[PDB]
Amino acid sequence: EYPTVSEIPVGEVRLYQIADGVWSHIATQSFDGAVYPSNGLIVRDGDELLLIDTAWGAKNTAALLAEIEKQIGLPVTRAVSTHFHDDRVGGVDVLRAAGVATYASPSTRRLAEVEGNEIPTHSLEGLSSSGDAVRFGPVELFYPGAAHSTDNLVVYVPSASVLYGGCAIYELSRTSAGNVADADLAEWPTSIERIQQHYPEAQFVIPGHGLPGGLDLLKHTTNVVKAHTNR
Ligand SMILES: O=P(O)(O)Cc1cccc2cccnc12
Ligand SMILES: O=P(O)(O)Cc1cccc2cccnc12
Ligand SMILES: [Zn+2]
Ligand SMILES: [Zn+2]
Ligand SMILES: [Zn+2]
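All letters in the sequence shown, in the order written, are residues 30 to 45, 47 to 64, 66 to 100, 102 to 107, 109 to 131, 133 to 150, 165 to 205, 209 to 211, 215 to 265, 277 to 296 by the authors' numbering.
So this is what it looks like as structure tokens:
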């Protein structure tokens, strides 16, 4: 039922309704000879939509906008990028050209600029310290501490009990670490524990890539990260 890579031609995007007014968007990207899925979030806010993360690239993100327009038909007014990598900011320029106000933390914006990646326009205040949370439209933004990257944010939808982990949370099928070049392996388990302590009532947990699940995905990611730490 949840889409996988073989259902998704490159450059195309699928939407998946998780709860009332809450969808994930799923896309694919090729890299180093393999094909990866990637998730983001869509949250209804009255008669508009809040977008969480791009669909990994300009072409995917334009297709994302066209699919939202076709299937939902409400305007995407704001977007939040949860860290500075391409699967999160790649396509910000397409969003901005479409009239979407793009947002990220000051930490993410600076890291994106140093990396030469696209830079969300607006800066999100109140997220500079581990454990910081701010309301942003229909969601709560949470900075749990460094994990997959030093800037990674997670997103909770209290109306639907949906926790979106971004790349800081692995799907259960992943038994080994992915790209950890920008990770803080020493702090990743502690950051996950902050997520667990702050959202123990979460019912749906969306990883940055692959299949959603329950709160078990948090301990799963800790297990994998700790195993990678020990080589
Ligand atoms: O950097 P990541 O972890 O978020 C995504 C990622 C990077 C490198 C290898 C992977 C293998 C499977 C799934 N994802 C992979
Ligand atoms: O870490 P992610 O997922 O944001 C970006 C990502 C996804 C898949 C493979 C990668 C290899 C190196 C660097 N990034 C990769
Ligand atoms: Zn990343
Ligand atoms: Zn603006
Ligand atoms: Zn990722």
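Note that beta-carbon positions come from the ideal geometry of N, C-alpha and C, so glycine has one too.
| Check | Outcome |
| --- | --- |
| Please determine, among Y218, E255 and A240, the residue with the shortest C-alpha to C-alpha distance to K291. | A240 |
| Sorry if obvious, but does the Cβ on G124 come closer than 7 Å to a heavy atom of ligand 5? | no |
| Would you say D120 touches ligand 5, meaning its beta carbon is less than 7 Å from a heavy atom? | yes |
| Measure the C-alpha to C-alpha separation of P277 and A49 and round it to an integer number of angstroms. | 13 Å |
| Evaluate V74 with the Cβ neighbour count: other Cβ atoms within 10 Å of its Cβ, from every protein chain shown; 16 or more gives buried, anything less gives exposed. | buried |
| Name the one or two DSSP bridge partners that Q47 has. | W53 |
| Could you spell out the range, first to last residue, of the beta strand (DSSP E) harbouring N70? | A64 to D76 |
| Under the rule that 16 or more other beta-carbon atoms within 10 Å means buried, what is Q59, buried or exposed? | buried |
| Any idea what DSSP makes of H252, helix, strand or coil? | helix |
| So, for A195: in the same chain, excluding its five sequence neighbours on each side, which residues have a beta-carbon less than 6 Å away from its beta-carbon? | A222, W242 and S245 |
| Report buried or exposed for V109, applying the criterion of at least 16 other Cβ atoms within 10 angstroms of its Cβ. | buried |
| Could you check where the beta strand (DSSP E) with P261 kicks off and where it finishes? | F258 to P261 |
| Between the Cα of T136 and the Cα atoms of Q103, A112 and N91, which residue gives the shortest distance? | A112 |
| Have a look at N165 and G123 and give me their C-alpha separation to the nearest angstrom. | 7 Å |
| Would you check if the distance between the CB atom of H252 and the CB atom of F190 is smaller than 8 Å? | yes |
| In three-state DSSP terms, what is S141? | helix |
| Is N91 buried or exposed, if buried means 16 or more other CB atoms sit within 10 Å of its CB? | buried |
| With distance defined between alpha-carbon atoms, name the residue in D126, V182 and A131 nearest to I167. | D126 |
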